[PDB]
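**Q** Protein chains in written order, with the entry's author numbering: chain k, 1 to 98; chain V, 3 to 141; chain m, 1 to 175; chain i, 1 to 347; chain j, 1 to 114; chain s, 79 to 249; chain h, 2 to 106; chain g, 2 to 122.
In this text, a Cβ means the ideal position worked out from N, Cα and C, and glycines have one as well.
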Amino acid sequence: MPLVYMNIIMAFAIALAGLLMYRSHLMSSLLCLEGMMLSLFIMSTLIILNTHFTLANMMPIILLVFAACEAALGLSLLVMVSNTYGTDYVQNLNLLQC
Amino acid sequence: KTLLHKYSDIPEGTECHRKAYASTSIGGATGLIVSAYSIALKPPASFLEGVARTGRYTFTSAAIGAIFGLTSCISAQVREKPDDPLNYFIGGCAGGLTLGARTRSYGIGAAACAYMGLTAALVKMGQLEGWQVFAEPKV
Amino acid sequence: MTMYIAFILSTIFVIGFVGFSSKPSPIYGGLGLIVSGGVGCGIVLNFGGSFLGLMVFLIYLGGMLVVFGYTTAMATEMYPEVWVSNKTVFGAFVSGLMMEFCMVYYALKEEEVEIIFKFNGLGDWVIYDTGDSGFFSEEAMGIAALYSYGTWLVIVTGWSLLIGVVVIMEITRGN
Amino acid sequence: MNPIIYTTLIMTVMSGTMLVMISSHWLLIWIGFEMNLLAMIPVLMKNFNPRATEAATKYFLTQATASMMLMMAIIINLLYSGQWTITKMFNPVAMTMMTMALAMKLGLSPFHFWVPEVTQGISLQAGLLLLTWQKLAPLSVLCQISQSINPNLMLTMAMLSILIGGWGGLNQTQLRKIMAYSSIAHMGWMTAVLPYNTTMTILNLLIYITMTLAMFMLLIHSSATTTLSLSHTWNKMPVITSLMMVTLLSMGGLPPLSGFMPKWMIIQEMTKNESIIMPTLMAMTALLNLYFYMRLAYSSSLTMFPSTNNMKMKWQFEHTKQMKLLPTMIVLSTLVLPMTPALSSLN
Amino acid sequence: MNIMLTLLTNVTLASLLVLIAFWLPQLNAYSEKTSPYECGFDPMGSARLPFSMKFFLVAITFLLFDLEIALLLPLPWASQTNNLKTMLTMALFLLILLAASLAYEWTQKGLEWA
Amino acid sequence: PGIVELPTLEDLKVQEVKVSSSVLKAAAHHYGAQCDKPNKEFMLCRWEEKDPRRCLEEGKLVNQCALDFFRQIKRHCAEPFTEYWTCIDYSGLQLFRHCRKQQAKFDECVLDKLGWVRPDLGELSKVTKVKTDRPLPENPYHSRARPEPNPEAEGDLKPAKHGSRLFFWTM
Amino acid sequence: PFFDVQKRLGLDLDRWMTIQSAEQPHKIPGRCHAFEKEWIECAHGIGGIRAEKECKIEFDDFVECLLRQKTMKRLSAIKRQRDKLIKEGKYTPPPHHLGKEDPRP
Amino acid sequence: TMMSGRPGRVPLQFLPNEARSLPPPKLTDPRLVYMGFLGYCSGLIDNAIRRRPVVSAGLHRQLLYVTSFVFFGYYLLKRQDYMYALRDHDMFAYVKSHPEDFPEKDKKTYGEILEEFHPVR
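(1) For m/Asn120, which residues does DSSP report across the bridge?
(2) In the DSSP assignment, the alpha helix (DSSP H) including i/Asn310 goes from what residue to what residue?
(3) Beta carbon of m/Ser21, beta carbon of k/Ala17: below 8 Å?
(4) Just tell me which of h/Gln21, h/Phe36, h/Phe60, h/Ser22 has its CA closest to the CA of s/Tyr219.
(5) h/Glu89: buried (16+ other C-beta within 10 angstroms of its C-beta) or exposed?
(6) What are the start and end residues of the alpha helix (DSSP H) that includes j/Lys85?
(7) Of the residues i/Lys105, i/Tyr80, i/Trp84, i/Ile86, which one's Cα is nearest the Cα of i/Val93?
(8) Are the beta-carbon atoms belonging to i/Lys46 and i/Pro116 less than 8 Å from one another?
(9) Is it right to say h/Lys91 is buried, meaning 16 or more other beta carbons lie within 10 angstroms of its own, or is it exposed?
(10) Could you name each continuous alpha helix (DSSP H) segment of 4 residues or more that falls completely within the region 21–87 of chain g, going from the start of the chain to the end?
(11) Does i/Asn347 get closer than 8 Å to chain V when you measure Cβ to Cβ?
(12) As a quick exercise: from i/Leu228, i/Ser258, i/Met282, i/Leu326, pick the residue whose alpha carbon is nearest that of i/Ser307.
(13) Kindly list, in the order they appear in chain h, the residues whose Cβ is closer than 7 Å to that of k/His52.
(14) In whole angstroms, give me the CA-to-CA distance for g/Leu60 and g/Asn48.
(15) For residue 280 of chain s and chain g, any beta-carbon pair shorter than 8 Å?
(16) Would you list, in chain order, the members of the region 127–154 of chain i that have their beta-carbon closer than 9 Å to a beta-carbon of chain g?
(17) How many Å lie between j/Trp106 and j/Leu57 at the Cα?
(18) Please return the same chain residues whose Cβ sits closer than 7 Å to the Cβ of g/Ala20, not counting the five positions on each side in sequence.
(19) For i/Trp234, I'd like the list of residues in its chain whose CB is within less than 6 Å of its CB, leaving aside the five on either flank, ordered along the chain.
(20) Please name the residue, chosen from s/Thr164, s/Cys133, s/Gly137, s/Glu127, that lies closest to s/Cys113 on a Cα-to-Cα basis.
(21) Taking the DSSP output, what are the residues bridged to k/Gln97?
(22) Opposite k/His25 in the DSSP bridges: which residues?
(23) Do you know how far the Cα of i/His112 is from the Cα of i/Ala158?
(24) Just the chain g side, please: which residues come within less than 8 Å of s/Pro225 by C-beta, in chain order?
(25) Helix, strand or coil, according to DSSP, for V/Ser63 in the structure here?
(26) Can you check the region 91–148 of chain s for any alpha helix (DSSP H) of at least 4 residues that lies completely inside it and give the ranges in chain order?
(27) How many angstroms separate the CA atom of g/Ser98 from the CA atom of g/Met3?
(28) Just checking: is the beta-carbon of g/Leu16 within a distance shorter than 8 Å of some beta-carbon in chain h?
(29) Use the C-beta contact count for g/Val56: other C-beta atoms within 10 angstroms, 16 or more gives buried, fewer gives exposed.
(30) So which residues on chain m does j/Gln108 lean against when the C-beta distance must stay under 7 Å?
(31) If you measure from the beta carbon of h/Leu14 to each beta carbon in chain k, is any gap under 8 Å?
(32) Express the C-alpha separation of i/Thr12 and m/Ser50 in angstroms, rounding to a whole number.
(33) Hey, which unbroken runs of the alpha helix (DSSP H) at 4 residues or more fall wholly within the region 15–63 of chain i?
(34) Considering only the beta carbon of each residue, do V/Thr100 and V/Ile69 sit closer than 8 Å?
(35) Let me see if you follow: with CB-CB separation under 8 Å, is h/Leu76 close to chain m or not?
(36) How would you write the range of the alpha helix (DSSP H) that s/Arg196 sits in, first residue to last?
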């Protein structure tokens, strides 16, 4: 594996760590999800282009489509959370416990 | 897995110091994992408090491992019976007593002695008889 | 230096990720995401994926626009945080940059680094193929096969998007 | 939510599961999981409460992380093999990541923290959908990739699931959280046999789905979300609480009830592979689930708790809506043991 | 590399212009001159407080439609296939699904604001 | 594993067709019409063999035929061809459209002096037959022996000896 | 629970993109079409358990074509040896490698 | 796992044509009778849940319950028998094809064999 694969997988690892380590805002963690999706797009595109898997050059675009679907879902939930609590802070998702 | 290989490689009833060191390393690793989970799930108020909790858990685990290994190896040497599970039982009860001392409770000490000693004896028996906690699928 | 454009861009990508992952205010994390998207476009174009890279840049440019508006609306704070406004954000940023620098120098110097997989420090130019695609853009022809070969993917994705519009409407109804 | 929209969303969830269970391409399986999440999120919030929104957010975050990890595993397997087909996974790190993602989707500990909260937040019907239908796709994917799975990781997750599902339920007075923890324990039972025999996992899944459907439909019929609310049911509808007691006993695994057969066959299959300590520990830890099941039974049917005066009005009226499949679900959950040899049909 | 050179040249020109603007002129910066502008009177609150977006739904739908923009851009090369029947059917399927989504949001009062 | 048997430098030395891309494109149609046989033989060799080494001699023949074609052009139609390929060179895309008149001059001269007729649209793209004395490669992929398939479908089904034979069930 | 509805109904919903050696637009070959074809043909109808060891040579060749780990390692070793020789002063790159000769067309 | 990848298995087929060679389950099979009993219990539970007369109300509904359960049970029993018969067929075929792995053992009478006697004292 060339080093670019190393860097892109490192980017995915960093984004995963960011998402799993929340601070206050939910928007930042949704941005970490989008970053993970971008890293996955780059990895898939590099693999499919280096291996000349022609009929697999569409898989990144479908991955991006469902990444944007996920992003839309996240924002639509964040809007309701903000409406019900006034902020996007994760500490307010505390009613359900255990 | 290297720590487990280190503990296993030293022959039973021999090189008691190295066996105790391996047991201490294993206890320290387990304590570190427990401390990480405790810090995550139950947040510590301060970084110093988190360090204190990590040190307490790690030292308790390391003391348990060191006492278990030291007592088991010394008993194996003195009795001169290497494969007897009773040595592991004695080591486990000593570890439970150490846990009770660290927790400053007699009841914890006694319950830990019974359960931990029995578990250690069972582990030694599994070594001798080839018991598999995780079995490779063979059907 | 132009022999390793890909590596420089990938390092910039990782730095942007360490920027938006340390979680500054969503504005500067969006800045990081935009920069990383541009750099990823650069990498994919260097490997021959002009359409894909440009598409990622275009889609993330629009996506981060809605994120910016949402931030100014919901994820807003009186004193928005930069990577040097809190010890936690700066700690994360510095740790991420240091971790990169560590692996970067490690792999560049050592012939074969192995963090979780095995990586070879030889430039990316080595792996490239010597064949010719003739009068064709393989990426374009493959991406166009979504309509001739990927009828099933088109069906699934179109349904997913329509149901996504419906889902957003329902999730934001708010009773 | 307009009933047409609700039907469409439920069909979308089922179609995502069907895509997962029908596709030979990893991309399409991941697409099915994504469609399941997209459709499910609005379904969980059909009744709008702050709790419903919190549960939807938690579920979305956990499932999105699981999906991203699964996609990374797929991409790594593609990088090291060049194959998109669902088959043996040729890279161990990808296999570990995929197992983690699928366990998180299934709620296997140490990824169980979301299940009780989500179950409590959502309604009983959304809870039924979450705890019966959603489990199908990850278990199907695990069954297809069982050979590649490292037995140690799956078995560790299963044992932790059993232990935690047993422990947490002891402390619960909310019926939905109790169901969530019991689901965790039963899922731990199902994944234990995945490395050894997949048909046993399928059989356990079917028995568990039948029992969970019966329990959730009985709770919906009684309109109870807490133990005290269920306690009153004896005054209004005794038969419901009696059948609940029978179903709880089956869930505990007591012979001769149908809950016994899955544990029985899992123990047999594990023993055939020389696994003795693991089955013994799993069977013993199942007693805690039995304990909280028995406590619920004591509250509901075996002992008659105090009622309220206003129940006299409820006596006059009768339940308007009928759940057609409930009696057959009860009968299957409780009286199917004499028919175990038929476990070769799904075989 | 030509694109990189052009980008560098343009960015360097802009940065040089900024430098010349911030260093050639004379400055007498004082607090009142650098205070925020609120049409002569002083601001009441901050400009970093939340600013309600009355068109949030349209923005999320914009993301979802930019996805379709991405999916439709390959069409120019798609018309070069031999299975023009299937290509045309799927392209019209995607465009009709986008139209359906727009119609649904419109009829459900989703394109309206507030 | 084994050493790769790369051919020697001397064997791969050949006379080279040192003409620019515009010159080749100007004569491309007549070149394909005239030199089809050797070029098709080399193509068949390349595609069947799947080894560049195996087909070196046919490539040498291809180069020789191209040289002969250009030599005949130089002998009989040099100036009109020079004007033609000069015209194509100016266009960045080397389009044929801009140079139709000079192409007409070249085609008329070639038809008169050498008798060559330009192939019509859709002719050089036709799959052609090639008669070859070179044997068809038996194992062009150098594949190993395929693993033997499992035994299958022994015979008829009879009921289980004693039923399920599951614990206590008698049926 | 992989209900092979595609095989039952003869529908190629997604199998067309499953492998790199399948039909692709304009017959554009994959970068490892030969190795993938050989591996698929070797491991056909013998089961995964058998194919994992009876076609291991084919699979290793396919993986080498995909990743070029061994080829990259050999190239890196050759470059390291060449650089060490240059440092020692006992090696001199040929003029054609240095650009003193016109490469073959 | 196991039989899932058996060669020649048509996907999503409940009963292969090969099963027809096996004897059909008898309509008086105890297992089918138990399935009918389950159907009857289902009808009784339905009546109890809807607060109808348990044993007399809805005879048509109880008949439908019993008939549906027996109808599905017949095919379920047929498939179970087919699967067990396939298992036995494959097992015997494998034993025949691998004689070394399943060697015939010399039979020694108890007189020849020595088994230690442990006195119960």
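**A** On the basis of the supplied data:
(1) Counting from one through the third sequence, the residue named residue 120 of chain m turns up at place 120. According to DSSP, m/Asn120 bridges with m/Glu112.
(2) Looking up residue 310 of chain i in the fourth sequence gives position 310. Per DSSP, i/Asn310 lies in no alpha helix (DSSP H) and is assigned neither H nor E.
(3) The sequence position of residue 21 of chain m within the third sequence is 21, counting from 1. The sequence position of residue 17 of chain k within the first sequence is 17, counting from 1. A Cβ-Cβ contact shorter than 8 Å links m/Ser21 with k/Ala17.
(4) Position 141 of the sixth sequence holds residue 219 of chain s. Put simply, of h/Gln21, h/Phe36, h/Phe60, h/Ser22 the residue whose alpha carbon is nearest the alpha carbon of s/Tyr219 is h/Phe36.
(5) As a working mapping, residue 89 of chain h is identified with position 88 in the seventh sequence. So h/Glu89 ends up on the exposed side.
(6) The sequence position of residue 85 of chain j within the fifth sequence is 85, counting from 1. 84–107 is the extent of the alpha helix (DSSP H) around j/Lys85.
(7) Here residue 93 of chain i refers to the residue found at position 93 when the fourth sequence is read from its first residue. Out of i/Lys105, i/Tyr80, i/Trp84, i/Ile86, i/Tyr80 has the C-alpha closest to the C-alpha of i/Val93.
(8) Looking up residue 46 of chain i in the fourth sequence gives position 46. Looking up residue 116 of chain i in the fourth sequence gives position 116. Against a cut-off of 8 Å, the Cβ pair of i/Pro116 and i/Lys46 comes out as no contact.
(9) Position 90 of the seventh sequence, counting from 1, holds the residue named residue 91 of chain h. Burial call: exposed.
(10) Entirely contained in the region 21–87 of chain g, the alpha helix (DSSP H) runs reaching 4 residues are, in chain order, 31–50.
(11) Stepping through the fourth sequence from its first residue, residue 347 of chain i is reached at position 347. Contact with chain V is absent for i/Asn347, since none of that chain's Cβ atoms lies less than 8 Å from the residue's Cβ.
(12) Here residue 307 of chain i is taken as the residue at index 307 of the fourth sequence, counted from 1. In terms of Cα proximity to i/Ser307, the closest of i/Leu228, i/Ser258, i/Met282, i/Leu326 is i/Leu228.
(13) Translated into positions along the first sequence, residue 52 of chain k becomes position 52. Per Cβ cutoff of 7 Å: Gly31, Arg32.
(14) Here residue 60 of chain g refers to the residue found at position 59 when the eighth sequence is read from its first residue. Here residue 48 of chain g refers to the residue found at position 47 when the eighth sequence is read from its first residue. Distance between the alpha carbons of g/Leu60 and g/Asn48: 10 Å.
(15) With chain s running from 79 to 249 in the structure shown, residue 280 of chain s is simply not present.
(16) So the close ones are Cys143, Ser146, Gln147.
(17) For this step, residue 106 of chain j is matched to residue 106 along the fifth sequence. For this step, residue 57 of chain j is matched to residue 57 along the fifth sequence. The straight-line gap from Cα to Cα measures roughly 11 Å.
(18) Position 19 of the eighth sequence, counted from the first residue, corresponds to residue 20 of chain g. Apart from sequence neighbours up to five positions away, the residues of its chain that approach g/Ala20 with a beta-carbon distance below 7 Å are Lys79, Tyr83, ordered along the chain.
(19) Numbered from 1 along the fourth sequence, position 234 holds the residue referred to as residue 234 of chain i. Leaving aside the five residues that flank i/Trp234 on each side, the residues in its chain whose CB is nearer than 6 Å to its CB run, in chain order, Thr241, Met304.
(20) Translated into positions along the sixth sequence, residue 113 of chain s becomes position 35. Nearest of s/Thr164, s/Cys133, s/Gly137, s/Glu127 to s/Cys113, Cα basis: s/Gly137.
(21) Within the first sequence, numbered from 1, the residue matching residue 97 of chain k stands at position 97. Under DSSP, no beta-bridge partner is assigned to k/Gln97.
(22) Locating residue 25 of chain k in the first sequence gives position 25, where the first residue counts as 1. Looking at the DSSP output, k/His25 bridges to k/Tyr89.
(23) Numbered from its first residue, the fourth sequence carries residue 158 of chain i at position 158. Numbered from its first residue, the fourth sequence carries residue 112 of chain i at position 112. Answer to the nearest angstrom: the Cα atoms are 11 Å apart.
(24) Start at 1 with the first residue of the sixth sequence, and residue 225 of chain s comes out as number 147. The contacting residues do not exist; s/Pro225 stays about 15 Å from chain g at best.
(25) Here residue 63 of chain V corresponds to residue number 61 of the second sequence, with the count starting at 1. When secondary structure is reduced to three states using DSSP, V/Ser63 falls in the helix class.
(26) Runs found: 99–104, 106–112, 114–127.
(27) The residue you call residue 98 of chain g lines up with position 97 of the eighth sequence. The residue you call residue 3 of chain g lines up with position 2 of the eighth sequence. The straight-line gap from Cα to Cα measures roughly 19 Å.
(28) Along the eighth sequence, read from residue 1 onward, the residue named residue 16 of chain g stands at position 15. No - not a single Cβ of chain h is within 8 Å of the one on g/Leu16.
(29) In the eighth sequence, counting from the first residue as 1, residue 56 of chain g sits at position 55. g/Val56 is classed as exposed because its beta carbon has fewer than 16 other beta carbons within 10 Å across all chains shown.
(30) Within the fifth sequence, the letter at position 108 stands for residue 108 of chain j. Near j/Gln108 (Cβ distances below 7 Å), the residues of chain m are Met169.
(31) By 1-based counting over the seventh sequence, the position of residue 14 of chain h is 13. Interface flag for h/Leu14 against chain k is unset, since no Cβ pair is found closer than 8 Å.
(32) Sequence index remark: in the third sequence, residue 50 of chain m carries index 50 (1-based). Sequence index remark: in the fourth sequence, residue 12 of chain i carries index 12 (1-based). Their Cα atoms are separated by approximately 35 Å.
(33) You should have 26–44.
(34) The residue labelled residue 100 of chain V in the question sits at position 98 within the second sequence. The residue labelled residue 69 of chain V in the question sits at position 67 within the second sequence. Yes. Within cutoff.
(35) Your numbering for residue 76 of chain h matches position 75 in the seventh sequence. Yes, h/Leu76 counts as interfacial toward chain m.
(36) Your numbering for residue 196 of chain s matches position 118 in the sixth sequence. No alpha helix (DSSP H) contains s/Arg196, which DSSP labels as neither H nor E.
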